[PDB]
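Single chain ahead, by itself, as structure tokens, in the form deposited in one PDB entry.
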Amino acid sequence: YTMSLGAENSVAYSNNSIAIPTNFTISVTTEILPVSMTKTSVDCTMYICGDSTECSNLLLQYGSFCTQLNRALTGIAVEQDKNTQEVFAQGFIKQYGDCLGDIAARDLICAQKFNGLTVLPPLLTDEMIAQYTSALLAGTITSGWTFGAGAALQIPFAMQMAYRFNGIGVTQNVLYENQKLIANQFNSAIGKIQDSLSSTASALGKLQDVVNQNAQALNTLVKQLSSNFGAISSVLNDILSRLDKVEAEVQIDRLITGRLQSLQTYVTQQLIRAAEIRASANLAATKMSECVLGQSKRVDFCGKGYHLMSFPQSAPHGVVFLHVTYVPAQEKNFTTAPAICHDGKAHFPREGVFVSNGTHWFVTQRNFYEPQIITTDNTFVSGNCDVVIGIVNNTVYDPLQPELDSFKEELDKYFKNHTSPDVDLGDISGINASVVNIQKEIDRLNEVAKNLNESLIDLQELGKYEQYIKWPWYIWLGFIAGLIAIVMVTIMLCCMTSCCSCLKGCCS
């Protein structure tokens, strides 16, 4: 801001050419200004979604922004209604053989001895019976002649009878003591097989109890477990089905947000145009009176050229002016000067310009070439040549534009990144559930149930007897009759001398 620049040199003494109107021609202008606008309501639902029903249902939850934006576009406080609705969701036998061999005679001399008794085997053969029965008879023959015991021959018969009865006795005694052994040991064995089958019955019973209980346990587990999976199934379905819903909504809400902005852009443009319409209405107030009620002394304002008269008329959202004016039909370039500094005495005009007919300056009217003479009534004089310099920099407003960081730097201010563990369950396939094989033992049991059959005793039929071999009381006197035959020969030997008469016949 200097009070001066140079000496006798400035734009203020530029002295250059400039067009001045010389002749004129009648003119008119039609000038149009808008003063009002068609503020119309906008349906956000029609603007953002249009006809996309999977959006129409969601945009509703965003709120009454639609009203806020319409309150802006249209200067009408919409008198909305009131609604109270809220959703709510709730033995000796061999030894006798070995010693006697095949000599039937050695029979009695081979008699063995068990304990305090003499024994023989119980079998007489045609050789032995010949020996003893002819010995018995010979002892009965000799005794009739011999003075004493011709019956010394009968000892072997009477003894071999006694010894054999003893042999039978010792052999029956053991047959019986064997019978007591086989009876006791079979009684003891069936006592132990009775225990065995009580124990097998108890073992089979216990197995049956558990195998059945555990079958029940598997059934119960299967009933519950197959229900549990049915429950897991239903629950995972609800989740997947809702996750899918969320994956539709979380996409659709992003496009809606973009359109919400795109709508806020349309709204902002309308307000910006509304401020220009209302500035054009403020301009129409000056423009209408400075010509209609008055006459403007300006240029190009309210009608191109120099304003004279005006006739206004209306339009649907505006005013139209049929202004009247005059314009240069003919105009000429003249060397002119804002000021002229004479010997340190700056000189300028009053209500006009300096213009130069070649020989000297005149003052003239800026907008009509009519030279006038220079005088104090027509000019100003200043004792200082120096030219004052001003500066006027019309800075239209510089907004404090937003100052966003990188997105990462704002994100990490509050964003919690996340990664849940890769969860897994415990493998049950380590369960072996071993099977059983007893088919060897079951086939073996069948084998012995078949083979026990062979052991079924099949003795050699002996026979009991003791049937009807009885004599009758009516005939029992049969032997008494024999005694009567002894009486009959008692007459024949009434004396023995008849035998002596037969011995006399043996002599003769």
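Residue positions are given as counts along the sequence shown, with the first one as 1. For clarity, a rigid core is taken as the largest C-alpha set superposing within 1.5 Å between two forms.
In terms of unmodelled positions of the deposited sequence, the stretch from residue 90 to residue 91 in this entry skips 10 or more residues.
The discussion below concerns the form deposited in another entry, not included here.
Just one residue from the list 273, 297, 113, 245 crosses the 2 Å line for C-alpha shift between this form and the one not shown on a rigid core fit, and it is 113. Superposition on the rigid core between this form and the one not shown places the CA atom of residue 397 less than 2 Å from its counterpart. Taking the rigid core as fixed, one finds a CA shift for residue 349 smaller than 2 Å between this form and the one not shown. Shown in the overlay between this form and the one not shown, fitted on the rigid core, is a CA shift at residue 132 of 2 Å or greater.
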